[PDB]
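Trainee: Structure below; questions to follow.
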Amino acid sequence: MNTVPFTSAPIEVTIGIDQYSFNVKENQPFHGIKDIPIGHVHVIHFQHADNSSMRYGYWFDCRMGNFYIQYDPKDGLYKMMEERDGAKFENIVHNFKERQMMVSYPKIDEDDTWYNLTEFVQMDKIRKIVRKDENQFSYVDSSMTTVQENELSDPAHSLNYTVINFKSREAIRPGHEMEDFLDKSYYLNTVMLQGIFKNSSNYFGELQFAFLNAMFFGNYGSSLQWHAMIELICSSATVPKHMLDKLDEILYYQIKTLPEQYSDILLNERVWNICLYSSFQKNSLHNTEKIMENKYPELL
Amino acid sequence: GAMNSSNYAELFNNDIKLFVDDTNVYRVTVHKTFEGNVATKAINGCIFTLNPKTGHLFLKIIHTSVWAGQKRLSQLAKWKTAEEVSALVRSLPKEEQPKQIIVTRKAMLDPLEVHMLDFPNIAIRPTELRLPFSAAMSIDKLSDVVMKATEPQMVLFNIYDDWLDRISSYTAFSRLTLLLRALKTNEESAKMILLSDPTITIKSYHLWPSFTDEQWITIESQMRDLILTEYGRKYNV
Ligand SMILES: CCN(CCO)C(=O)c1ccc(Cl)cc1Cl
Ligand SMILES: CCN(CCO)C(=O)c1ccc(Cl)cc1Cl
């Protein structure tokens with residue numbers, strides 16, 4: 001087990017950790033989250049009781065170090081920090097454990113939701129999308145914009161997702177104009193899989209990370225990335241059979257986990273009605289199709 | 001953005017631009033097989049590409065051979081239109097390339113944009129106008145060179161004959177749209193008007209009769225009446 005301890009909780013805040021959310025009152029005695037399952041990336045995030053503007057949070061992996069939360073009264077947020085003194089972090093995690101001022105991450109024996117939502121997400125890739133290498137953990141918020149968004153001001157605060165553009169030279173081979181635009185297999189398989197991502201796990205990792213940033217922070221640019229990487233698979237006639245089956249599982253859990261009340265902004269009518277009913281892979285997403293129709297038949 | 005009533009006069013400024021119409025690119029005659037089923041038989045078509053300021057027409061003839069062995073021909077027509085338009089731009093000197101291309105149907109936007117990726121400073125635009133360029137095959141000389149063609153062929157015309165010697169582009173475009181709209185509404189009557197006077201000939205290097213200015217007014221009024229009338233006969237008004 002691993003622990004994200006807290007200095008204190010000086011301002012009323014809603015804390016979410018992966019798919020969960022909970023409330024802490026101003027100066028209630030709160031000193032973090034313990035029993036965090038090792039082996040996955042995690043996200044810890046914050047929505048202040050007073051300014052629901054700006055959800056912000058930190059992606060991290062406990063294997064990569066000892067991380068703690070301190071509220072900064074100058075900058076006005078809960079900041080993730082690293083304790084390099086292993087020996088002294090180990091010690092205070094005990095008094096936190098012994099005074100029972102840490103909540104227990106529910107290690108439920110009937111779930112795999114977080115595993116499944118983060119199967120291919122790896123801290124090393126996250127940190128190439130969110131560039132800030134002095135820290136081992138990665139900060140994200142509501143308002144950060146993507147590299148592609150900045151094209152159409154500050155790039156250090158960028159989400160450096162892989163640029164997908166269906167009406168670009170990268171995507172369209174000269175002389176196969178009609179072919180490559182109606183069947184994107186070349187772009188997915190040769191440009192992106194073999195060229196940029198190298199394998200489908202790195203692709204699937206970005207897709208999953210993009211969906212998670214859209215849901216927990218309502219990052220609009222991430223949602224556009226998620227929908228684009230979905231649309232490119234579904235608009236390719238030729239996809240490794242292994243990818244298709246794994247994609248069905250990925251999307252299944254993303255839709256499962258989505259807040260029912262959030263489906264109006266974060267889901268793109270066009271992309272899904274096309275992926276589920278018009279595209280090459282309309283018959284290859286059985287679980288995803290079934291759960292979309294029982295839950296959100298309105299959108300379709 | 002889209003081209004409508006409101007920004008109509010942009011067409012006649014000094015920015016080079018072209019209209020592309022694709023309605024006569026893929027043409028069929030539907031018929032019955034011996035088994036009582038229906039098949040199509042394609043006939044030659046045209047891409048109608050027009051400089052509205054100069055009247056230059058680049059008539060690209062689409063030979064029926066281009067369709068042999070191809071599926072989903074109505075979708076293929078739009079990609080072939082775009083491929084041929086980009087080849088025309090590519091073949092022109094840079095200072096002759098258009099700064100805009102206006103497609104008369106929205107289904108052409110994506111095909112052309114994709115074929116024109118090499119030209120990002122060329123704006124591809126739809127229009128909200130119901131332009132009558134489908135009627136271009138009611139112009140005898142254009143229909144004839146399309147039907148006779150044996151191979152792919154580009155033929156160049158000035159669809160305004162010598163009119164610009166005497167009138168402005170705006171007025172010439174208006175006359176042309178009036179003529180084509182009439183031909184579209186009742187070809188027989190439109191044609192009968194143009195030729196009622198056997199003495200007003202069509203010059204070998206022209207498409208339309210050599211009317212005087214006074215005869216153009218008479219003609220233009222007669223085309224207006226036809227277009228109103230055929231509205232009554234259709235709507236009963
Ligand atoms: C002074 C060093 N320090 C905070 C940095 O000023 C601590 O020792 C500390 C206190 C509380 C917790 Cl949850 C973690 C830690 Cl590391
Ligand atoms: C699902 C349990 N629960 C109810 C959520 O509204 C929580 O508040 C909760 C979640 C996560 C953690 Cl680390 C601690 C706690 Cl108390």
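Naming scheme: A, B, ... for chains in displayed order of the structure tokens; residues 1 onward per chain; ligands 1 onward as shown.
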Given a cut-off of 7 Å, what residues near ligand 2 show up using only C-alpha atoms and all ligand atoms, put as a list in words?
Mentor: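 I would give the residues around ligand 2 as residues 17, 20, 21, 22, 33, 103, 104, 105 and 106 of chain A.
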Trainee: Would you write out, as JSON lines, a table of all residues in chain A that have an atom no more than 8 Å from an atom of ligand 1, listing for each the closest atom pair and the distance in Å to one decimal, considering only C-alpha atoms and all ligand atoms and ordering rows by chain and rising residue number?
Mentor:
```
{"residue": "A:5", "atom": "CA", "partner": "ligand 1", "partner_atom_place_in_ligand_line": "13 (Cl)", "distance": 4.8}
{"residue": "A:6", "atom": "CA", "partner": "ligand 1", "partner_atom_place_in_ligand_line": "13 (Cl)", "distance": 4.1}
{"residue": "A:7", "atom": "CA", "partner": "ligand 1", "partner_atom_place_in_ligand_line": "13 (Cl)", "distance": 3.9}
{"residue": "A:8", "atom": "CA", "partner": "ligand 1", "partner_atom_place_in_ligand_line": "13 (Cl)", "distance": 7.1}
{"residue": "A:31", "atom": "CA", "partner": "ligand 1", "partner_atom_place_in_ligand_line": "13 (Cl)", "distance": 6.5}
{"residue": "A:32", "atom": "CA", "partner": "ligand 1", "partner_atom_place_in_ligand_line": "13 (Cl)", "distance": 7.8}
{"residue": "A:68", "atom": "CA", "partner": "ligand 1", "partner_atom_place_in_ligand_line": "13 (Cl)", "distance": 5.9}
{"residue": "A:69", "atom": "CA", "partner": "ligand 1", "partner_atom_place_in_ligand_line": "13 (Cl)", "distance": 6.6}
{"residue": "A:70", "atom": "CA", "partner": "ligand 1", "partner_atom_place_in_ligand_line": "13 (Cl)", "distance": 7.1}
{"residue": "A:82", "atom": "CA", "partner": "ligand 1", "partner_atom_place_in_ligand_line": "16 (Cl)", "distance": 7.9}
{"residue": "A:83", "atom": "CA", "partner": "ligand 1", "partner_atom_place_in_ligand_line": "16 (Cl)", "distance": 5.6}
{"residue": "A:88", "atom": "CA", "partner": "ligand 1", "partner_atom_place_in_ligand_line": "8 (O)", "distance": 7.5}
{"residue": "A:89", "atom": "CA", "partner": "ligand 1", "partner_atom_place_in_ligand_line": "16 (Cl)", "distance": 6.3}
{"residue": "A:92", "atom": "CA", "partner": "ligand 1", "partner_atom_place_in_ligand_line": "12 (C)", "distance": 6.8}
{"residue": "A:93", "atom": "CA", "partner": "ligand 1", "partner_atom_place_in_ligand_line": "13 (Cl)", "distance": 7.8}
```
Trainee: Take the residues that were just selected and, keeping N, CA, C and O atoms, output them as an mmCIF file, in the first residue's frame.
Mentor:
```cif
data_model
loop_
_atom_site.group_PDB
_atom_site.id
_atom_site.type_symbol
_atom_site.label_atom_id
_atom_site.label_comp_id
_atom_site.auth_asym_id
_atom_site.auth_seq_id
_atom_site.Cartn_x
_atom_site.Cartn_y
_atom_site.Cartn_z
ATOM 1 N N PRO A 5 -0.080 11.909 1.943
ATOM 2 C CA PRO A 5 -0.487 12.624 3.128
ATOM 3 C C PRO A 5 -0.723 14.129 2.900
ATOM 4 O O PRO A 5 -0.342 14.627 1.950
ATOM 5 N N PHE A 6 -1.403 14.800 3.803
ATOM 6 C CA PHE A 6 -1.701 16.231 3.660
ATOM 7 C C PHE A 6 -1.173 17.012 4.875
ATOM 8 O O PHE A 6 -1.344 16.565 6.020
ATOM 9 N N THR A 7 -0.591 18.189 4.656
ATOM 10 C CA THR A 7 -0.192 19.153 5.693
ATOM 11 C C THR A 7 -1.354 19.324 6.669
ATOM 12 O O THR A 7 -1.262 18.969 7.897
ATOM 13 N N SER A 8 -2.458 19.696 6.043
ATOM 14 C CA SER A 8 -3.751 20.057 6.615
ATOM 15 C C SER A 8 -4.633 20.435 5.416
ATOM 16 O O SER A 8 -4.186 20.486 4.295
ATOM 17 N N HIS A 31 -5.702 14.664 7.137
ATOM 18 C CA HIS A 31 -4.319 14.489 6.706
ATOM 19 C C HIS A 31 -4.077 13.399 5.671
ATOM 20 O O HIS A 31 -2.973 12.878 5.585
ATOM 21 N N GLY A 32 -4.988 13.380 4.680
ATOM 22 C CA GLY A 32 -4.778 12.709 3.383
ATOM 23 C C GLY A 32 -5.538 11.422 3.109
ATOM 24 O O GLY A 32 -6.488 11.140 3.817
ATOM 25 N N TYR A 68 3.206 14.371 -1.275
ATOM 26 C CA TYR A 68 2.366 14.932 -0.205
ATOM 27 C C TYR A 68 1.680 16.205 -0.704
ATOM 28 O O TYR A 68 2.042 16.747 -1.745
ATOM 29 N N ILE A 69 0.637 16.586 -0.011
ATOM 30 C CA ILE A 69 -0.199 17.724 -0.425
ATOM 31 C C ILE A 69 -0.043 18.854 0.573
ATOM 32 O O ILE A 69 -0.340 18.620 1.699
ATOM 33 N N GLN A 70 0.361 20.048 0.165
ATOM 34 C CA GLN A 70 0.389 21.208 1.091
ATOM 35 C C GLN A 70 -0.418 22.373 0.504
ATOM 36 O O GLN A 70 -0.139 22.711 -0.613
ATOM 37 N N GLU A 82 7.208 16.698 -3.360
ATOM 38 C CA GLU A 82 7.993 15.494 -3.099
ATOM 39 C C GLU A 82 8.796 15.649 -1.805
ATOM 40 O O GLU A 82 9.311 16.763 -1.595
ATOM 41 N N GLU A 83 8.799 14.629 -0.932
ATOM 42 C CA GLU A 83 9.676 14.589 0.262
ATOM 43 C C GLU A 83 10.834 13.714 -0.216
ATOM 44 O O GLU A 83 10.540 12.630 -0.721
ATOM 45 N N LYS A 88 12.049 10.305 6.801
ATOM 46 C CA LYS A 88 11.197 11.256 7.582
ATOM 47 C C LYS A 88 9.749 11.258 7.106
ATOM 48 O O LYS A 88 8.931 11.813 7.897
ATOM 49 N N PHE A 89 9.471 10.768 5.878
ATOM 50 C CA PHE A 89 8.106 10.683 5.277
ATOM 51 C C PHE A 89 7.435 9.454 5.854
ATOM 52 O O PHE A 89 6.345 9.537 6.395
ATOM 53 N N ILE A 92 6.157 10.197 9.492
ATOM 54 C CA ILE A 92 4.881 10.952 9.748
ATOM 55 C C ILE A 92 3.645 10.222 9.209
ATOM 56 O O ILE A 92 2.595 10.470 9.747
ATOM 57 N N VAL A 93 3.805 9.369 8.217
ATOM 58 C CA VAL A 93 2.762 8.463 7.636
ATOM 59 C C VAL A 93 2.254 7.537 8.773
ATOM 60 O O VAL A 93 1.093 7.281 8.830
#
```
Trainee: Distance cut-off 12 Å, counting only C-alpha atoms - which residues of chain B neighbour chain A? Return them as a PyMOL selection string.
Mentor: chain B and resi 75-83+86-87+109-120
Trainee: Any chance you could export the current selection's N, CA, C and O atoms as an mmCIF file, in the first residue's frame?
Mentor:
```
data_model
loop_
_atom_site.group_PDB
_atom_site.id
_atom_site.type_symbol
_atom_site.label_atom_id
_atom_site.label_comp_id
_atom_site.auth_asym_id
_atom_site.auth_seq_id
_atom_site.Cartn_x
_atom_site.Cartn_y
_atom_site.Cartn_z
ATOM 1 N N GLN B 75 -20.804 9.345 -55.709
ATOM 2 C CA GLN B 75 -19.762 9.811 -54.794
ATOM 3 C C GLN B 75 -18.438 9.998 -55.509
ATOM 4 O O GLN B 75 -17.678 10.945 -55.230
ATOM 5 N N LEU B 76 -18.129 9.090 -56.427
ATOM 6 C CA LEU B 76 -16.907 9.249 -57.207
ATOM 7 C C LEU B 76 -16.928 10.560 -58.013
ATOM 8 O O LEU B 76 -15.895 11.229 -58.122
ATOM 9 N N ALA B 77 -18.069 10.929 -58.601
ATOM 10 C CA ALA B 77 -18.127 12.172 -59.383
ATOM 11 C C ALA B 77 -17.551 13.383 -58.611
ATOM 12 O O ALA B 77 -16.804 14.205 -59.166
ATOM 13 N N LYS B 78 -17.864 13.486 -57.308
ATOM 14 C CA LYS B 78 -17.413 14.665 -56.561
ATOM 15 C C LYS B 78 -15.895 14.639 -56.372
ATOM 16 O O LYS B 78 -15.244 15.682 -56.481
ATOM 17 N N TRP B 79 -15.282 13.437 -56.180
ATOM 18 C CA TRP B 79 -13.808 13.380 -56.031
ATOM 19 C C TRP B 79 -13.087 13.625 -57.362
ATOM 20 O O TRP B 79 -12.043 14.305 -57.413
ATOM 21 N N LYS B 80 -13.628 13.084 -58.447
ATOM 22 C CA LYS B 80 -13.114 13.405 -59.781
ATOM 23 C C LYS B 80 -13.225 14.898 -60.115
ATOM 24 O O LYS B 80 -12.311 15.470 -60.731
ATOM 25 N N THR B 81 -14.357 15.538 -59.754
ATOM 26 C CA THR B 81 -14.497 16.984 -59.966
ATOM 27 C C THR B 81 -13.357 17.688 -59.261
ATOM 28 O O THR B 81 -12.604 18.454 -59.872
ATOM 29 N N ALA B 82 -13.165 17.359 -57.956
ATOM 30 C CA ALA B 82 -12.118 18.017 -57.188
ATOM 31 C C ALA B 82 -10.751 17.717 -57.774
ATOM 32 O O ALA B 82 -9.855 18.574 -57.740
ATOM 33 N N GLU B 83 -10.504 16.449 -58.172
ATOM 34 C CA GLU B 83 -9.175 16.154 -58.702
ATOM 35 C C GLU B 83 -8.935 17.005 -59.936
ATOM 36 O O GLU B 83 -7.842 17.507 -60.156
ATOM 37 N N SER B 86 -8.300 20.848 -58.975
ATOM 38 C CA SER B 86 -6.939 21.061 -58.474
ATOM 39 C C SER B 86 -5.904 20.965 -59.613
ATOM 40 O O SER B 86 -4.979 21.783 -59.696
ATOM 41 N N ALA B 87 -6.062 19.999 -60.528
ATOM 42 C CA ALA B 87 -5.150 19.948 -61.679
ATOM 43 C C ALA B 87 -5.200 21.242 -62.525
ATOM 44 O O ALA B 87 -4.161 21.716 -63.014
ATOM 45 N N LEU B 109 -17.425 20.482 -50.824
ATOM 46 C CA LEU B 109 -16.468 21.200 -49.991
ATOM 47 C C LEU B 109 -15.325 20.291 -49.544
ATOM 48 O O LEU B 109 -14.139 20.637 -49.680
ATOM 49 N N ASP B 110 -15.662 19.124 -48.973
ATOM 50 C CA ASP B 110 -14.614 18.253 -48.453
ATOM 51 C C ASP B 110 -13.746 17.654 -49.559
ATOM 52 O O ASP B 110 -12.514 17.647 -49.433
ATOM 53 N N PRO B 111 -14.314 17.149 -50.634
ATOM 54 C CA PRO B 111 -13.470 16.630 -51.721
ATOM 55 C C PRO B 111 -12.456 17.637 -52.218
ATOM 56 O O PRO B 111 -11.274 17.318 -52.348
ATOM 57 N N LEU B 112 -12.898 18.871 -52.458
ATOM 58 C CA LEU B 112 -12.004 19.897 -52.980
ATOM 59 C C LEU B 112 -10.965 20.311 -51.943
ATOM 60 O O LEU B 112 -9.768 20.441 -52.252
ATOM 61 N N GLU B 113 -11.410 20.566 -50.715
ATOM 62 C CA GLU B 113 -10.470 20.922 -49.667
ATOM 63 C C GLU B 113 -9.360 19.875 -49.603
ATOM 64 O O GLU B 113 -8.158 20.188 -49.551
ATOM 65 N N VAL B 114 -9.739 18.615 -49.669
ATOM 66 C CA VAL B 114 -8.723 17.581 -49.572
ATOM 67 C C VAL B 114 -7.796 17.630 -50.775
ATOM 68 O O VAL B 114 -6.575 17.545 -50.626
ATOM 69 N N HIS B 115 -8.335 17.832 -51.974
ATOM 70 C CA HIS B 115 -7.443 17.894 -53.121
ATOM 71 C C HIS B 115 -6.635 19.188 -53.183
ATOM 72 O O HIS B 115 -5.616 19.254 -53.882
ATOM 73 N N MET B 116 -7.036 20.209 -52.443
ATOM 74 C CA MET B 116 -6.333 21.473 -52.531
ATOM 75 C C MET B 116 -5.457 21.706 -51.325
ATOM 76 O O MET B 116 -5.037 22.833 -51.094
ATOM 77 N N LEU B 117 -5.175 20.662 -50.542
ATOM 78 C CA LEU B 117 -4.304 20.841 -49.399
ATOM 79 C C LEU B 117 -2.995 21.524 -49.758
ATOM 80 O O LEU B 117 -2.408 22.205 -48.915
ATOM 81 N N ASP B 118 -2.511 21.355 -50.986
ATOM 82 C CA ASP B 118 -1.270 22.012 -51.396
ATOM 83 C C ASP B 118 -1.429 23.525 -51.546
ATOM 84 O O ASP B 118 -0.428 24.232 -51.717
ATOM 85 N N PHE B 119 -2.644 24.044 -51.433
ATOM 86 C CA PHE B 119 -2.929 25.464 -51.627
ATOM 87 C C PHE B 119 -3.710 26.022 -50.447
ATOM 88 O O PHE B 119 -4.914 26.287 -50.556
ATOM 89 N N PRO B 120 -3.053 26.217 -49.295
ATOM 90 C CA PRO B 120 -3.789 26.666 -48.095
ATOM 91 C C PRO B 120 -4.291 28.098 -48.175
ATOM 92 O O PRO B 120 -5.212 28.455 -47.434
#
```
Trainee: For residue 230 in chain B, which residue among B:215, B:206, B:185, B:105 is the nearest when counting only C-alpha atoms?
Mentor: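 Going through B:215, B:206, B:185, B:105 one by one, the smallest distance to residue 230 in chain B is for B:185.
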Trainee: What lies within 9 Å of residue 66 in chain A using only C-alpha atoms, ignoring chain neighbours under 4 positions off, as a ChimeraX atom specification?
Mentor: /A:2-4,62,81-86,89-90
Trainee: Go ahead and save the picked residues with N, CA, C and O atoms, as a PDB file, in the first residue's frame.
Mentor:
```pdb
ATOM      1  N   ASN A   2       0.370   2.397  -0.495  1.00  0.00           N
ATOM      2  CA  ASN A   2       1.091   3.704  -0.482  1.00  0.00           C
ATOM      3  C   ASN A   2       0.098   4.807  -0.063  1.00  0.00           C
ATOM      4  O   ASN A   2      -1.105   4.597  -0.111  1.00  0.00           O
ATOM      5  N   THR A   3       0.626   5.965   0.312  1.00  0.00           N
ATOM      6  CA  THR A   3      -0.104   7.018   1.006  1.00  0.00           C
ATOM      7  C   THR A   3       0.187   8.378   0.402  1.00  0.00           C
ATOM      8  O   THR A   3       1.320   8.688   0.052  1.00  0.00           O
ATOM      9  N   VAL A   4      -0.824   9.263   0.214  1.00  0.00           N
ATOM     10  CA  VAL A   4      -0.634  10.709  -0.169  1.00  0.00           C
ATOM     11  C   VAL A   4      -1.010  11.570   1.046  1.00  0.00           C
ATOM     12  O   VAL A   4      -2.169  11.907   1.240  1.00  0.00           O
ATOM     13  N   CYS A  62       2.998   6.285  -7.218  1.00  0.00           N
ATOM     14  CA  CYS A  62       3.673   6.138  -5.940  1.00  0.00           C
ATOM     15  C   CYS A  62       4.982   5.386  -6.054  1.00  0.00           C
ATOM     16  O   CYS A  62       5.836   5.505  -5.178  1.00  0.00           O
ATOM     17  N   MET A  81       3.820  17.910  -3.650  1.00  0.00           N
ATOM     18  CA  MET A  81       5.251  18.076  -3.449  1.00  0.00           C
ATOM     19  C   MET A  81       5.896  16.721  -3.192  1.00  0.00           C
ATOM     20  O   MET A  81       5.257  15.788  -2.672  1.00  0.00           O
ATOM     21  N   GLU A  82       7.208  16.698  -3.360  1.00  0.00           N
ATOM     22  CA  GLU A  82       7.993  15.494  -3.099  1.00  0.00           C
ATOM     23  C   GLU A  82       8.796  15.649  -1.805  1.00  0.00           C
ATOM     24  O   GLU A  82       9.311  16.763  -1.595  1.00  0.00           O
ATOM     25  N   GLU A  83       8.799  14.629  -0.932  1.00  0.00           N
ATOM     26  CA  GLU A  83       9.676  14.589   0.262  1.00  0.00           C
ATOM     27  C   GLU A  83      10.834  13.714  -0.216  1.00  0.00           C
ATOM     28  O   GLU A  83      10.540  12.630  -0.721  1.00  0.00           O
ATOM     29  N   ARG A  84      12.050  14.240  -0.277  1.00  0.00           N
ATOM     30  CA  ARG A  84      13.229  13.456  -0.712  1.00  0.00           C
ATOM     31  C   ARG A  84      13.748  12.664   0.501  1.00  0.00           C
ATOM     32  O   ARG A  84      14.429  11.676   0.305  1.00  0.00           O
ATOM     33  N   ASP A  85      13.442  13.119   1.715  1.00  0.00           N
ATOM     34  CA  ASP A  85      13.826  12.400   2.947  1.00  0.00           C
ATOM     35  C   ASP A  85      12.851  11.237   3.118  1.00  0.00           C
ATOM     36  O   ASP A  85      11.860  11.420   3.851  1.00  0.00           O
ATOM     37  N   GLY A  86      13.127  10.096   2.479  1.00  0.00           N
ATOM     38  CA  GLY A  86      12.302   8.893   2.639  1.00  0.00           C
ATOM     39  C   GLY A  86      12.057   8.592   4.103  1.00  0.00           C
ATOM     40  O   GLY A  86      10.908   8.526   4.521  1.00  0.00           O
ATOM     41  N   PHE A  89       9.471  10.768   5.878  1.00  0.00           N
ATOM     42  CA  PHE A  89       8.106  10.683   5.277  1.00  0.00           C
ATOM     43  C   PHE A  89       7.435   9.454   5.854  1.00  0.00           C
ATOM     44  O   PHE A  89       6.345   9.537   6.395  1.00  0.00           O
ATOM     45  N   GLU A  90       8.196   8.360   5.817  1.00  0.00           N
ATOM     46  CA  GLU A  90       7.866   7.064   6.434  1.00  0.00           C
ATOM     47  C   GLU A  90       7.395   7.344   7.863  1.00  0.00           C
ATOM     48  O   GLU A  90       6.337   6.945   8.186  1.00  0.00           O
TER      49      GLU A  90
END
```
Trainee: Report as a PyMOL selection string all protein, DNA and RNA residues lying within 12 Å of range 133-139 of chain A, evaluated on only C-alpha atoms, omitting residues in the same chain fewer than 3 positions from it.
Mentor: chain A and resi 41-46+55-69+77-84+122-130+142-144+156-159+213+217
Trainee: Show me, as a list in words, the residues that have an atom within 10 Å of residue 230 in chain A when counting only C-alpha atoms, minus same-chain residues fewer than 3 positions from it.
Mentor: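 Contacts, in chain order: residues 204, 207, 224, 225, 226, 227, 233, 234, 235, 247, 251, 271, 272 and 275 of chain A.
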Trainee: Write out as a list in words the residues lying within 6 Å of residue 158 in chain B, counting only C-alpha atoms and excluding same-chain residues fewer than 4 positions away.
Mentor: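 Neighbouring residues, sequence-local ones excluded: residues 55, 56 and 57 of chain B.
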Trainee: Could you write out that same residue set with C-alpha atoms as a PDB file, in the first residue's frame?
Mentor:
```pdb
ATOM      1  CA  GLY B  55     -16.469  35.037 -68.252  1.00  0.00           C
ATOM      2  CA  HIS B  56     -13.716  32.507 -68.943  1.00  0.00           C
ATOM      3  CA  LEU B  57     -15.170  28.974 -68.782  1.00  0.00           C
TER       4      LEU B  57
END
```
Trainee: Could you list, as a PyMOL selection string, every residue within 12 Å of residue 243 in chain A, counting only C-alpha atoms and ignoring same-chain residues fewer than 3 positions away?
Mentor: chain A and resi 188-189+193+199-204+230+233-234+236+238-240+246-250+281+284-285
Trainee: I need the residues from that last selection saved to file as a PDB file, in the first residue's frame (with C-alpha atoms), if you can.
Mentor:
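Output (selection_5.pdb):
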```pdb
ATOM      1  CA  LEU A 188      -4.046   5.098 -38.320  1.00  0.00           C
ATOM      2  CA  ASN A 189      -1.910   2.108 -39.134  1.00  0.00           C
ATOM      3  CA  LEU A 193       0.575   3.245 -34.986  1.00  0.00           C
ATOM      4  CA  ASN A 199       2.381   0.269 -30.763  1.00  0.00           C
ATOM      5  CA  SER A 200      -1.333   0.273 -29.880  1.00  0.00           C
ATOM      6  CA  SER A 201      -0.761   0.422 -26.121  1.00  0.00           C
ATOM      7  CA  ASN A 202       0.840   3.894 -26.406  1.00  0.00           C
ATOM      8  CA  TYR A 203      -2.097   5.003 -28.569  1.00  0.00           C
ATOM      9  CA  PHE A 204      -4.583   3.530 -26.170  1.00  0.00           C
ATOM     10  CA  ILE A 230     -11.843   7.163 -31.402  1.00  0.00           C
ATOM     11  CA  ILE A 233     -10.079   3.890 -35.442  1.00  0.00           C
ATOM     12  CA  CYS A 234     -13.759   3.734 -36.370  1.00  0.00           C
ATOM     13  CA  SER A 236     -10.447   2.828 -40.736  1.00  0.00           C
ATOM     14  CA  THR A 238      -8.450  -2.197 -41.557  1.00  0.00           C
ATOM     15  CA  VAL A 239      -7.720  -2.428 -37.818  1.00  0.00           C
ATOM     16  CA  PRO A 240      -5.761  -5.162 -35.995  1.00  0.00           C
ATOM     17  CA  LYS A 246      -9.649  -3.989 -26.688  1.00  0.00           C
ATOM     18  CA  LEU A 247     -11.218  -0.703 -27.855  1.00  0.00           C
ATOM     19  CA  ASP A 248     -14.688  -2.054 -27.153  1.00  0.00           C
ATOM     20  CA  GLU A 249     -13.622  -2.733 -23.543  1.00  0.00           C
ATOM     21  CA  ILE A 250     -11.945   0.680 -23.151  1.00  0.00           C
ATOM     22  CA  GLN A 281     -16.465  -0.759 -37.159  1.00  0.00           C
ATOM     23  CA  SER A 284     -17.174  -4.294 -33.822  1.00  0.00           C
ATOM     24  CA  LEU A 285     -18.240  -2.433 -30.608  1.00  0.00           C
TER      25      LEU A 285
END
```
Trainee: Write out, as a tab-separated table, each residue of range 63-167 of chain B that has an atom at most 6 Å from range 5-20 of chain B, together with the closest pair of atoms and their distance in Å to one decimal, counting only C-alpha atoms, rows going by chain and rising number.
Mentor:
```
residue	atom	partner	partner_atom	distance
B:98	CA	B:16	CA	4.6
B:99	CA	B:16	CA	5.6
B:100	CA	B:17	CA	4.8
B:101	CA	B:18	CA	4.8
B:102	CA	B:19	CA	4.7
B:103	CA	B:20	CA	4.9
```
Trainee: Could you please take those selected residues and save C-alpha atoms as a compact mmCIF listing (two decimals), in the first residue's frame?
Mentor:
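Dumped to result_20.txt:
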```
# COMPACT_ATOMS: atom_id res chain seq x y z
CA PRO B 98 -7.73 31.83 -57.91
CA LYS B 99 -7.79 33.20 -54.40
CA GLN B 100 -11.21 31.58 -53.84
CA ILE B 101 -13.19 28.73 -55.31
CA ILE B 102 -16.95 28.71 -54.75
CA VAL B 103 -18.68 25.32 -55.06
```
Trainee: Mind pulling up the distance from CA of residue 71 in chain A to CA of residue 141 in chain A?
Mentor: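 Rounded to one decimal, the two atoms are 16.4 Å apart.
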Trainee: Could you pull out the strand (DSSP E or B) residues of range 2-224 of chain B, going by DSSP on the backbone, and write them as a VMD selection string?
Mentor: chain B and resid 3 17 to 21 27 to 32 38 to 43 45 to 50 56 to 62 100 to 103 123 to 125 127 153 to 158 202 209
Trainee: What is the distance, in Å and to one decimal place, between CA of residue 15 in chain A and CA of residue 260 in chain A?
Mentor: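 So the two atoms, CA of residue 15 in chain A and CA of residue 260 in chain A, lie 19.9 Å apart.
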Trainee: Which is closer to residue 117 in chain A than all the others in A:295, A:286, A:40, A:34, using only C-alpha atoms?
Mentor: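 Once distances to residue 117 in chain A are computed over only C-alpha atoms, the minimum belongs to A:40.
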Trainee: Between B:135, B:142, B:122, B:66, which residue has the minimum interatomic distance to residue 97 in chain B, considering only C-alpha atoms?
Mentor: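 Among the listed residues, B:122 lies closest to residue 97 in chain B.
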Trainee: In Å, how far is it from CA of residue 179 in chain B to CA of residue 131 in chain B?
Mentor: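 Separating CA of residue 179 in chain B from CA of residue 131 in chain B is a distance of 11.4 Å.
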